[PDB]
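Close look at the chain arrangement
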Amino acid sequence: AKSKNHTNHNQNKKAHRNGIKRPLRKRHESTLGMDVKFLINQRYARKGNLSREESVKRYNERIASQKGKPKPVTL
Amino acid sequence: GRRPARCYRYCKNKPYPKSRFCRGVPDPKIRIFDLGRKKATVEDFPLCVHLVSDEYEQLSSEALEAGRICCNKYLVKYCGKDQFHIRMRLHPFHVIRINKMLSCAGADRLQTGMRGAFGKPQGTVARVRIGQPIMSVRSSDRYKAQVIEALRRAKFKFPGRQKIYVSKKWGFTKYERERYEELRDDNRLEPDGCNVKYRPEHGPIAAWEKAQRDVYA
Amino acid sequence: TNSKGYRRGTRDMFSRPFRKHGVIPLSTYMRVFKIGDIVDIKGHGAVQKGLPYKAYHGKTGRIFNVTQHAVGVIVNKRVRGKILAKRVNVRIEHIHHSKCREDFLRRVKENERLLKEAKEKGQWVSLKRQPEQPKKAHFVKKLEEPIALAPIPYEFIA
Amino acid sequence: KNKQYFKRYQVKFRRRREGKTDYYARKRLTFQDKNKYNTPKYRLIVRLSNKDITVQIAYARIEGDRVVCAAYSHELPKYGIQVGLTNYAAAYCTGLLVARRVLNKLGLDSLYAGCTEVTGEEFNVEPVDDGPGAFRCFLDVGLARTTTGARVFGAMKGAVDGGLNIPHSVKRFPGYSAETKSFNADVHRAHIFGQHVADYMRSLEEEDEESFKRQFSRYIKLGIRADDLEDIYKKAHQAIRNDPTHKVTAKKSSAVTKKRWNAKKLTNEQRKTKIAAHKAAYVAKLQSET
Amino acid sequence: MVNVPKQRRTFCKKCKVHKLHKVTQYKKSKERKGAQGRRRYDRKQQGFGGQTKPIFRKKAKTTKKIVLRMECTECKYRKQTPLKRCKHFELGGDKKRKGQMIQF
Amino acid sequence: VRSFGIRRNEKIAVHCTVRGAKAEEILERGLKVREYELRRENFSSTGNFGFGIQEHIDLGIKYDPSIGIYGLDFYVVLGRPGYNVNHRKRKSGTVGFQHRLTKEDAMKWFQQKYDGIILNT
RNA sequence: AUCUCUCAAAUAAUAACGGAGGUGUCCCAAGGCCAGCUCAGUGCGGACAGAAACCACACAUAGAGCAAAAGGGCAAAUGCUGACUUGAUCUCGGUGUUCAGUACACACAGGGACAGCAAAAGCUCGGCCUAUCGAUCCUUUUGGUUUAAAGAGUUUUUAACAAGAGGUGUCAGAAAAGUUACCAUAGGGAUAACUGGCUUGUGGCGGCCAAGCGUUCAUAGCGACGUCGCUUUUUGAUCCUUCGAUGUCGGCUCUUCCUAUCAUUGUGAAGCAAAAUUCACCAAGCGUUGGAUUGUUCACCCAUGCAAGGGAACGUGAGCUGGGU
RNA sequence: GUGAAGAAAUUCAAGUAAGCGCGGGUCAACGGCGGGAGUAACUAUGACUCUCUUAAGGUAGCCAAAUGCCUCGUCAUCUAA
RNA sequence: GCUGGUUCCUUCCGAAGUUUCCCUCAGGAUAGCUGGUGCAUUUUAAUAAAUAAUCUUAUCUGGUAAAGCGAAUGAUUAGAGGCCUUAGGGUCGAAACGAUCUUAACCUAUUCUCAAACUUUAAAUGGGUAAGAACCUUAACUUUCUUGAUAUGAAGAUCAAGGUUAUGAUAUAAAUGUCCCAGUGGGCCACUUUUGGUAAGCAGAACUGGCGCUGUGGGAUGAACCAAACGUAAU
RNA sequence: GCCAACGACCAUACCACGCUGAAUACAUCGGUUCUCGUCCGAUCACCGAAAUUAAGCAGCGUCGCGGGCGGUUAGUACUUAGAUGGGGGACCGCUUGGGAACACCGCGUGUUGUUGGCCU
């Protein structure tokens, strides 16, 4: 027989009882399914981060090897 | 087969349209909507009187057949045979479905228990709102008594409740009667079948010019 | 007795507008899209290469993976009722730029600057928004045509 | 007829109404991959006219194309090309011209000398190492049929012999017969040196004087005999590599609102006074008879 | 009718390039025992049981899909790739000829 | 169409076009057999004019009974200098009220040269 | 099992044996790609030339076409024709849908490899997008230059692993004909036949307005097309109550009640001379029969009669009967 | 049982009984036993004629049958009905 | 997989009749709802410069109500105007080819009425996201790379500067595991919306609230109506 | 005031018609030997200039079409929310708030980017 197949009464009273449950706000998120390198490049820049204080100044002195960079403003 | 309309008096559904494959439907003879001197111009019939409704009534089309043949057969008796223009302002463009018991011959043996529930088409109906005129009689101002009394005998064939406007219109125009004349008197309105023309100005020149030609020369 | 399947009831989600048919204007391919940017989804009905499904048109979310010519957006889809975080790839013409941050990012400038001009005068900041207060007490002169001006009905006779 | 036609009709774009672009190359050229976000395309426009060809390097942007550099064949009378500006060989030196008019902007003049001895071989440039990789460009011909040996590919042949890295094949260079290929490089050395224009004259030196009153007239006005055309076109190649001065101009100016000039557009007042007299003139045409 | 041109240049997995490949049809290879599944269905059946296993009735499909062994022409490697369900299919073909009046 | 049994891709008809240095000699050949006072229409409103002929041998050819006779229709399209603007790939465009050819431009030019009257029936 | 438009109430979701349809295929091009050209139709022209074709010039915002249903979509295409083609391939995961947020299946965004077209940019992982499909077990084939058969060697064989195939359409997938009035059990008022309830297509039904008929005369008496209400014993419609049982047709007998008046009492009207009759009002007080046939109820027939109403507890089986089923 | 190929298991081939298949006989064996058209000096009816099918088209006979739906068939009788 | 029963008292919390699959439709599994038991801890945890859920702001989306047919498609009434040469009767005329009107269309400007499977326009009620230190800039560093002559872009690792922390009102505590533990997977009623039916105390859906589980006050009477939710008592 | 190339948004740009257009230009335009395509040098392809501003095109004109915008139809239609509000029913009214649409009237007729260039 036929009384009540497929209703929605009590369905958002239930879904609002142990309530509606926003997901999350995660600082870091999974990189699962990203562009696969991209991520091998960032896995190569993550290793080579070596200078905190030392070489990070030094290459400006190497900029002055061409007395700076007058020319490469174009490309 | 000719189903009564005690069972079909309301706007019970969002209205059935008329498809383009269901031929086998009954052909009515509600083909007539204007009656009287339909060819006379606006200058011949300046009085206009409507039969305005008072509910969101759904009218049958049986009632609208009677409402025109009633008002014809006083106005061909008490108005002169051409001195009017009965016009139905209201067309019966809907379908009613009648699942009747045509369950004789007694041995099909499955006919319907509740299998299946297709509807069966046996006519039309015409839906009405409040303040929606059903007929309008365009005539001359002399028969004003003869027309407002003609429409009383059109009330008693319609269900519901009707109210009888005499218009400030000049016949079947959109214009007020005095406001008709002021716009008419120089060039600005033009005759037609039963209606007028509305500010022929823009554009560009010759329509202003040639309509100024013939009113001058 | 159904919907099912995948593009049903899209006679108006992916209908084109009135007379905006035709070649997609070529700025759509020229926009720059970054990772963590926020983005809307209006499934463009003239591009069949990876439309969003109909449950994501209308919905905004954050990009987090950009590719050659599509973008992987994170859209919140409510199920019953536990709101999920989906991970949708769509192309570019099924995406627009949000504006919902754009006002705020000009509010971050000015609250940096309304404190910057008040960096020198010192006092006082008054940074945060207010909703609409009551107006004040005025007084208004006629001054200009004293009263009445007096509307009084007569509304039926018709 | 055709009145509710206009309510529903909408227009193809602007430059499909003028017939200028095609928007089916325009999407597909200027498409960069949306993960190499904003590094531009730098394609190569070659557009040709009855008088004067045109080559511009450009990359599109949201707000119209940016243009890095442009070089026309009208600059060539500086470098010795007086007449015959839409040869294939006159199209060669223009694409040679921007390929040196642009590397001065980048300072890529020490590197990528290019095919200094032009003979007609596909010398795509080599990336000189430990530093600046070669400039990249892609060909945009647009609305000309890329038939085997059209004029637009010498402009390409100007660029790849200038030094710009463009991927190309040879199948639309002249004389590479597709029945069957026939890498015949030397027909360039007859075409890029313009000699078959000259050998058209050398096969018409003898028949008609009126042939010189016909086509290749005005070589006769400058005494340009049919023998030294290579010597023009050889001399241009070493002279285009002298100085692309980028066409500096210091008129500054005679430009502003001279003289009016183009029939300003009649505001509504003097529109109304035009209609006021016209309605007054028509009753005056009517009051004449009465 | 589904023609297949009986040659094609697809991916020879052994040569690791595209090689010219001759095409065929897979047909069937009957059930030759002793496969262990027959060696079992020849003992569950044996004396006094009354038919132990399902006898599949209720055939519903009208077609089957077709598998083409595609032999390499250099290294004679083969490859089974299916197609869609097709009710008529002849390879070899007499390739379609277009814009053509039926004659005589 | 099956009223005359012609079929899709049956190749019922032959046609050929002539541009320049051969039109103006073939037409005057076609005009002597036309005895060129040709009737008035014969004149499409877009300035074009064509005509039927019979008995195709009199166009300067031998009778050649191996091939027999063949009835012909001619059609001549006139123009002005400039109509390639209508028919180019790059920067195309239409023409205007004039240079579009009226029928009078096609009747005058037939009255002026070739001296034929238009037989205004 | 599945798809499209609607229902669907402006996210998405939503149901009925609701409405209109579709699918179990078709395509070596109808797949790919590069180039070229633009369609429905209308208009004016041209021997045989109408609807006849075919050539030909202008107009022509898609009114054409796109294998097929429907919907979107497409104009230098995704349409038409031509070039050349095999990306309708191989591999690894991930996402969208269905969602339990599982699997197939379809689709999508990519990495790797090999390629096709293209001058190149680029485009292609089948069909312009939304349907066109199938586990385990078993059989099978293709693949390693394979692993195992456990005392050891080689060869046959068998098996294993990987990717396909053979199919379950009741489509998340048993291998399956009837009958029982000779019957049975577990239950069911989740479910019929039966009373009661609600309902009215049917039944039955009385006012409004008059086209009329009524010789003349609208309304003495009727009253077309309309229109509005009233009753529920039938006919159904439903499935509320009862299946650990409400005796299920009638007739016989015997009560009372109702008017929707057949006759009688009291009156009004008439196309009311008398007689006879018809219309209407107050009226349920007293009546409303004997028989032939049939199990029936209405039924018709003979006869009585100045003059032979209609109905209510489907009245009434520990009242009878047992003719019907 | 027989031959052949193989190192063998095994695989192949000839041959292949009764049934079945083909064929004959049987219905006091199970059963079955037709249509449409046109026609006779009034209408009616159709002795006849065409014709389509089938294994054979229900013959002698009986019948609104305890067997006929329509049906309370139509006619006569029995009856006051 | 069905019927009947299933034995103390108080205290606390407190449902479901829905989804998907099943030779499944009086049953299961499965998620939702429930209780238990913890645990982690916050200048929204114990002597906030940070979360979270109705309004505001800002910004996206939508094609229903209304509107429309003098916009497409689809029906569609009425006449008007027209060179016409499509013209039907004719007519003055041998026909008229001279002409006359007429009538049919056709064309032009109108007009009456509409449409679950029609749209130009387009609400309210709604759906999404945002609203600051997990921020804002500044720097030069990083990368094998695919792209790039700053070996620039991007995504990052460490420094420099940052006022008063960036709508409102709320916090009966919130966050999270396990036992996916019990029961349930027959629902009925109602506003407004709505489909089938002629109607129905009928059938089927959308929303909210109830009844089921719920007494008390009111409607004489009653599962749902209107008030109001309930420890024992006084006022 | 301009022109070309390349565009962006894609009718305020479109359509019809008419007028004008210095220069830079663009074209129109001359040819077929080569490259090259065609039944046909028309289309493309390649050669280079005699002719012309007719036309394209550019600028404008029109109580133009359309399309754009604004007022206004209108606090209207509809709609959240409330009542033990009306009515026999259809349906209506009130309260609390959000609030359109055709038409109609007006007003506008593309704005601009990068690069070379003309300057009446």
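The bulk of non-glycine residues show a negative phi, and the bulk of peptide bonds are trans. Residue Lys259(D) is bonded to the preceding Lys258(D) through a cis peptide linkage, with omega at -15°. With respect to the helices, strands and loops of the structure, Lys259(D) is situated in the loop between helix 9 (229-240) and helix 10 (268-287). Cis geometry is adopted by the peptide bond preceding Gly34(E), which originates at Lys33(E) and carries an omega value of 15°. Residue position: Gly34(E) is located in the loop between strand 2 (17-23) and helix 1 (36-41). Although it is not a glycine, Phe216(D) adopts a positive phi angle of roughly 40°. Along the chain, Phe216(D) falls in the loop between helix 8 (209-213) and helix 9. Residues other than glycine seldom take positive phi values, yet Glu55(F) does so here, at roughly 60°. The topology assignment puts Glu55(F) in the loop between strand 1 (49-53) and strand 2 (72-76). Looking at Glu55(F), the relative accessible area reads 38%, which means it is partly exposed.

In total, this model carries 28 salt bridges over all chains according to the counting rule given. Two residues, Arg80(F) and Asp105(F), come together in a salt bridge whose shortest N-O distance is 3.5 Å. Note that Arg80(F) is positioned in the loop between strand 2 and helix 2 (103-112) and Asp105(F) in helix 2, a separation of 25 residues in sequence. Taking the relative accessible area as the measure of exposure, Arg80(F) reaches 29% and is therefore partly exposed. Assessed through its relative accessible area of 25%, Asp105(F) is described here as partly exposed. Connected through shared salt-bridge partners, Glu43(B), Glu181(B), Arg184(B) and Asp185(B) make up one network.

Next up on the list: the protein's contact with RNA strand G. Taken together, 170 residues are adjacent to RNA strand G, and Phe156(B), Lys77(C), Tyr5(D), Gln80(E) and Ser44(F) come closest. When atoms of RNA strand G within 4 Å of the protein are split into backbone and base, the sugar-phosphate part holds 72%. For RNA strand G, a phosphate oxygen lies 2.9 Å from a polar atom in the backbone of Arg16(C). A distance of 3.1 Å is found between a base nitrogen of RNA strand G and a backbone nitrogen or oxygen belonging to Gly71(F). The element best represented in the surface near RNA strand G is helix 1 (residues 61-75) of chain B, accounting for 5 residues. Looking at side-chain class alone, the surface near RNA strand G contains 56 nonpolar, 49 polar and 65 charged residues.

Scoring rules and cut-offs
- Residues numbered from 1 in each chain as written, not as in the entry; some residues may be left out.
- Chains lettered and ligands numbered in written order.
- Part of a larger assembly, values for the part shown.
- Heavy atoms only, no water.
- Helix = DSSP H or I, 4+ residues; strand = E, 2+ residues; numbered from the N terminus.
- Buried < 20%, exposed > 50% of the residue type's maximum accessible area, 1.4 Å probe, protein only.
- Salt bridge = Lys/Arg side-chain N within 4 Å of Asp/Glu carboxyl O.
- Near = heavy atom within 4 Å.
- Polar contact = N/O pair within 3.5 Å; in protein donor to acceptor, adjacent residues only side chain to side chain.
- Nonpolar A, V, L, I, M, F, W, Y, C, P; charged D, E, K, R; others polar.

Shape is all these values report; function is a separate question.
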